[PDB]
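Heads up, the thing below is written out as structure tokens.
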Amino acid sequence: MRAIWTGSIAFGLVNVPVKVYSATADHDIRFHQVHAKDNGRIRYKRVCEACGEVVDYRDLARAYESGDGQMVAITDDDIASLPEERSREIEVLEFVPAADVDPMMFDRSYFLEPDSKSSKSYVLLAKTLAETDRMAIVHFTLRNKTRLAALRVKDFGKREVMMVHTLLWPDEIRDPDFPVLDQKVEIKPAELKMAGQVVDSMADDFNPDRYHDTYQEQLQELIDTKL
Amino acid sequence: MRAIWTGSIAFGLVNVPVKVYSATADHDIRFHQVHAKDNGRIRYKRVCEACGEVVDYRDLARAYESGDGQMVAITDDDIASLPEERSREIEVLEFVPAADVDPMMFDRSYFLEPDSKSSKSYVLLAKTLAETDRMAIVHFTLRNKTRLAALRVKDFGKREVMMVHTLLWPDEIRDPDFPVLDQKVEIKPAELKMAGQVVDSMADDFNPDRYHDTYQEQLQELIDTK
DNA sequence: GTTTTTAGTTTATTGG
DNA sequence: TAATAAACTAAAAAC
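Residue numbers (PDB author numbering), protein chains in the order written: chain B, 1 to 227; chain A, 1 to 226.
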């Protein structure tokens, strides 16, 4: 129950205050690592193999390994090349219809809950996005790194909010140069009908209530078992 | 290019041999941890706080820590209490229209292509999913873990390849507990009607070609210093 | 064997 | 004080 980001939407000169929230959280049980012999929590020490001594974090540096195994100590100015990391405002690039986006790149989502002082300007954007059904492709800065993200509105009955989903880059989808589907397809139309009623008998409507994390609940029962 | 697992979609009687591929492979640059005094790589080795002696992994146990900080001695039989890990087939539950699912739950995507020489069984389902235009929800199993996923098709011009996306559980979405947004705001229609074309001034169409990871390319340019 | 892929696990900022 | 990204181990299936 705590926000993550506190900035504004920098589309032109609009600057609506927004309180980004973590839309989803990993309810999956995260365990801990302990030593059964002596009941001791485990800690990792980073010790060089060749010499064998402990060091503080501040004396090491990032190193990119190429095919030949070269090591490069990245200079501070090279990392500081981006002026967008200095930026702390969501920059808006364009607006695209919601049906013109592909559902594969939607990686992680966050809420956009505004500040009540100027909520009138926020509700205008929300109602406009509900009207034109236009998704917004926005540059997103977070955790000192920049991710391409989308901005769109999802009704929740009582109140409408806009939601931000971080997409992968367009170069982050492998092109499937598959040769097996270039084979000529020979299907008699008599067979095509059978697949119809087979799926149609399995008809249903999306019911999120019925679905459960089957393993996680049975493992959670273990937690209550011991204590 | 190497596959991940080789099973087969198995609901009722249909059993189409399939070869799952990784749809997205993060090409973001990954770095090792290195310091100059050794001029070499770094290793993580595990020690006990109280003992102070290096211990092997094989004599350590899973532990869950509640608010009280109590231990949990995880055994093998209780971990094996769920036999879905033994399954190596994609189990299908139902089919749902593509418009009845919302795009938030998609987490990671995987491709689906046949393995056997006969591809008729694949193409039947592929053409079926492009006619009824309905998704399919599976009880996907992968890497001794079970995750809910869904089947749907992305026509790539020449092939009707269908893909699988792993969705989060319905309890994995936090409720929108904002009691401030329900406030009634009176908007003059003039503001909305002049904001209409204001938004439309920035209208465009999706052009993935011109979008790039600027930071990744600048950093890569730094790597090519050699 | 093989290097990829993937899930499990401290850990080190940073921002409410 | 809690969430997100670095970076490594540690299985662990395909062929």
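No residue lacks a Cβ here, since even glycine has one placed at the ideal position from N, Cα and C.
Cβ neighbours of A23 of chain B within its own chain (closer than 6 Å, five residues either side excluded): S109, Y110 and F111.
Ranked by Cα distance from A61 of chain B, the options A:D56, A:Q33, A:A50 and A:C48 are led by A:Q33.
Residues of chain A with a Cβ closer than 9 Å to the Cβ of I42 of chain B are, in chain order, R46, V47, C48, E49, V55 and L60. Classified as exposed, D182 of chain A has fewer than 16 neighbouring CB atoms from the shown chains inside 10 Å of its CB.
Per DSSP, the unbroken beta strand (DSSP E) holding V16 of chain B starts and ends at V16 to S22. The three-state reading of DSSP puts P189 of chain B in helix, counting H, G and I together. Look at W169 of chain A: its C-beta is under 9 Å from a C-beta on chain B. Shown here for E94 of chain B: same chain residues with a beta carbon closer than 8 Å to its own, the five before and five after excluded, namely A136 and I137 in chain order.
At the C-beta level, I9 of chain B and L151 of chain B come within 9 Å of one another. In chain order, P176, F178, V180 and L181 make up the part of chain A whose C-beta sits under 9 Å from the C-beta of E113 of chain B.
Straight across, the Cα-Cα distance linking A98 of chain A with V153 of chain A is about 10 Å. Within the region 195-208 of chain B, the residues whose Cβ lies closer than 7 Å to some Cβ of chain A are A195, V199, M202, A203, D204, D205, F206 and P208, listed in chain order.
Inter-residue distance for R134 of chain B and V161 of chain A is about 28 Å (C-alpha atoms, whole angstroms). DSSP, read as helix, strand or coil, puts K145 of chain A in strand. When rounded, the separation of the alpha-carbon atoms in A203 of chain B and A149 of chain A is 17 Å.
Contact annotation for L151 of chain A against chain B: no contact, minimum CB-CB distance about 11 Å [criterion: below 7 Å].
In its chain, beyond the 5 residues on either side, no residue has a beta carbon closer than 7 Å to the beta carbon of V185 of chain B.
The residue from A:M71, A:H27, A:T132 and A:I90 with its alpha-carbon nearest to that of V164 of chain A is A:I90. Linking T225 of chain B to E191 of chain B through their CA atoms gives a straight-line distance of about 53 Å.
Scanning A:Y122, A:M105 and A:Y21 for the CA closest to the CA of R2 of chain A turns up A:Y21. In the three-state scheme derived from DSSP, where H, G and I count as helix and E and B as strand, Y211 of chain A is classed as coil. In this chain, the beta strand (DSSP E) harbouring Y110 of chain A covers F106 to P114. In this structure, the alpha-carbon of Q220 of chain A lies about 33 Å from that of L142 of chain A. Taking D213 of chain A as the centre and dropping the five residues before and after it, the same chain places no C-beta closer than 6 Å to its C-beta. Interface with chain A (9 Å Cβ-Cβ cutoff): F140 of chain B is excluded. Judged by DSSP secondary structure, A126 of chain A falls within the alpha helix (DSSP H) whose first and last residues are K120 to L129. Annotation: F11 of chain B to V198 of chain A spans about 11 Å, alpha carbon to alpha carbon.
Per DSSP, the unbroken alpha helix (DSSP H) holding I79 of chain B starts and ends at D76 to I79. Of all alpha-carbon atoms in B:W5, B:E49, B:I223 and B:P189, the one lying nearest the alpha-carbon of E113 of chain B is that of B:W5.
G196 of chain A and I29 of chain A have their C-alpha atoms spaced approximately 42 Å apart. Between the beta-carbon of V101 of chain B and that of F156 of chain A there is about 16 Å, and that puts the pair past the 8 Å contact cut. Separation of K145 of chain B and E85 of chain B (C-alpha to C-alpha, rounded to the nearest whole angstrom) is 6 Å. In this structure, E65 of chain B lies near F31 of chain A, with their beta-carbon atoms less than 9 Å apart.
With contacts defined by Cβ atoms closer than 9 Å, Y215 of chain B and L82 of chain A form a contacting pair.
The three-state reading of DSSP puts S8 of chain A in strand, counting E and B together. The Cβ atoms of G40 of chain B and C48 of chain A lie closer than 9 Å to each other.
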